[PDB]
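Residue numbers in the sequence shown follow the deposited numbering, run continuously in steps of one, and reach 43 at the last position. Taking it in order: structure first as structure tokens, then the write-up.
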Amino acid sequence: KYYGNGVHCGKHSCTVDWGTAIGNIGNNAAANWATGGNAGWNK
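As structure tokens, then:
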């Protein structure tokens, strides 16, 4: 399911093996990067 390039599909876009990390990143970019990321994404 998760082993390589495009396999994990997975949000219909086929979310890439980085999926949930890039999810948390993009979420806290929208929430907190107005401060420059003073708290940031997953610490």
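Idealized CB from N, CA, C, for every residue including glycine.
| Query | Result |
| --- | --- |
| C-beta contact flag for residue 23 and residue 14 at 7 Å | no |
| C-alpha gap between residue 29 and residue 40, whole angstroms | 7 Å |
| For residue 16, the nearest candidate out of 38, 27 and 2 (CA to CA) | 2 |
| Same chain only: Cβ atoms within 8 Å of residue 4, ignoring 5 sequence neighbours per side | 17 |
| Integer-rounded CB distance, given that residue 8 should sit under 8 Å from residue 19 | 7 Å |
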